């Protein structure tokens, strides 16, 4: 029925994108460039997953300061800032997530992360939100540049499934975004979508369930869809 649950990270485990946006903007300020992404701009840029990819897209169009460093270096600084901001301890898990995970663990169900985000962010979020290193919560962590093409490419889900050794028909993905749903479906997975601030405007055609809150699953029971 379900032998594994695969979780997206940003927008799914926790509402994190405003902290990402802060970490980007503060990094840009610290580099002495005039770049600044407000919510309207960030909503658009969020359709490109991966922070390096997002910076690259922004730089193709923007008419402010030229990049002073390679994008990888800008993004590495932004990651360090995000890890630091996460440690402060303001971020909570989305409703239903903590209970679902604890319930899955009691039931012996294997858990993965499949995310476009940088690996240190996963670690930082798990310390802050669960109080544990990521590998104590998730049996498999597929993140960041572990694949060459990010969501909507299914590669990150295919990596996670290969490491889980669970066929997709015995697993399910939880996502918040359209590119996430596309990726999970591309790996042959049932996908439960609950959007947030930045993704509620999207069309979720093909989602197995579209929910206002992951608490609406009622835990493990709600996962085993047709």
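Numbering follows the first chain given and starts at 1.
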Quick check: 150 to 158 versus 80 to 88, which has the larger average CA B-factor in the record? 80 to 88
Ranked by mean Cα B-factor in the entry, 109 to 117 and 90 to 98, top stretch is 90 to 98
Comparing recorded Cα B-factors across 50, 186, 168, 195, which one is largest? 168
Going by the CA temperature factor in the PDB record, which third of the chain does residue 45 belong to: lowest, middle or highest? lowest
Here the Cα B-factor of residue 177, set against its chain, lands in the third termed lowest
Taking the C-alpha B-factors as the PDB entry records them, is residue 67 in the lowest, middle or highest third of its chain? highest
With respect to C-alpha B-factor, does residue 59 fall in the lowest, middle or highest third of the chain as deposited? middle
Ordered by C-alpha B-factor within the chain, which third holds residue 13? Give me lowest, middle or highest, please. lowest
